[PDB]
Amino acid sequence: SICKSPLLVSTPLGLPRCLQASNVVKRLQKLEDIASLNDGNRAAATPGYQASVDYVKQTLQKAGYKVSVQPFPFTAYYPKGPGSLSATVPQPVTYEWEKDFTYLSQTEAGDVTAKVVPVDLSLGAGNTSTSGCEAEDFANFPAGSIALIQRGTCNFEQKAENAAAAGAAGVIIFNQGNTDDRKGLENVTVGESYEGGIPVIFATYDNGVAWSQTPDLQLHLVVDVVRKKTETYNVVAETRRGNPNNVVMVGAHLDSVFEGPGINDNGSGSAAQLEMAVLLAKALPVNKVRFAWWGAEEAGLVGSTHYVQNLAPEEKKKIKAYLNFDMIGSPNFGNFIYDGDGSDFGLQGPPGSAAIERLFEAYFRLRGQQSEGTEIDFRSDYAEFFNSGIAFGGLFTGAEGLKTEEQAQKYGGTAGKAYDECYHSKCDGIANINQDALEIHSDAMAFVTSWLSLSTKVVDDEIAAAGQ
């Protein structure tokens, strides 16, 4: 019960001592058990996610928190099988699923055969295509056709909804082809908010070129997915103690992809944060600490975005800093700190993000541990905080990227293998957790959260300097 003392859990070198990786692992086992009892996933709008919410809520209530379970409307998307695409005119041709074409995430289902009509294309190296970005691009578009649209300038959602409003029966978006690396298939989405009502697929650039030059082309397009208008939930709790006008917020999404239990992504962040919150119940913070477990992150940051957008302006101004923990137990981990200062990738967070990054950096360095930057281009639940000008930072142990030889020297593990080879897969279970990674990153989570709970001055100083 020594870690029930406020003297330990209130201070930045005390909280990490009391936040033990073995206790995070026990919570990870519980999430694993939950997934196993609910068909192997904890995905948004599933019983696995609901049972994860119940677990987090009950844990927080037993620690003395009041808990807000915040519902929001949500259109779930599930691909139910591979797509089909074949030419019927002028000649029969069968294109290959996941080589010539793929789904847009959040597309509607459909089965359509129709003439293919290119819309305002701009081909070739160095093009700046605006294909389909304006309703006027469809000036000569015949209703019922398949719109053949080039990637470029505006969102896929906008291209597809413009085509739908112009009466398209379906949409084929092909990669832009302005550089050699923008000619293949990619992970692309029309967004959870897509409402075009028609199917949308993505195709390679060279296929787009050939189709756009094929007189009388007709394509038979089949998209086998389900979208379901439903709801899901964020879980939010805050300390009773601490200044309510200077809130330190920490977040970790609680949903998994549909394909697996999501123990590293993001059981790891969820369980470390839950352990910290339980310990902080006894702390004496100067600044209020708010904890969020986000829903529907894997569908496009839906829960965290909804939370921020729905905050009254006066309440939004009270959040001084946001810390995001999304994947911190990677089997082949590296020590990645969000690149708030843009020193590695050229994107700066809102004023104060450099200070948060610097706090993480100094903590790893003090411990003789290596670290390096990772990108912050709206990849996780800080995104809407970023858009709202709120300072943020975070920790990451790596996902599908391949470990370099240097990083294996710095962090151990295997060069040329993914940081997490079970990323978004059935095998992302309890066995997919590296407890050294959990130890190192839950330590730093606790240190920086505790530090800011006592003083946000490092953040305040950058805010002040930015104002002049």
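We number the residues from 1 along the sequence you see.
Mean CA temperature factor is higher for 407 to 415 when stretches 407 to 415 and 22 to 30 are set side by side in the entry. Here 342 to 350 and 356 to 364 are compared by their mean Cα B-factor, and 342 to 350 comes out higher. As recorded in the entry, 95 carries the highest CA temperature factor of 293, 95, 336, 325. Highest C-alpha temperature factor among 174, 233, 78, 396, as the PDB entry reports it: 78. In the deposited entry, the Cα temperature factor of residue 311 sits in the top third of values across the chain's modelled residues.
In the deposited entry, the Cα temperature factor of residue 320 places it in the middle third of its chain's modelled residues. Among the modelled residues of its chain, residue 389 has a C-alpha B-factor that falls in the highest third according to the deposited record. The deposited CA B-factor of residue 90 belongs to the highest third of values across its chain. For residue 194, the recorded CA temperature factor ranks within the lowest third of the chain's modelled residues.
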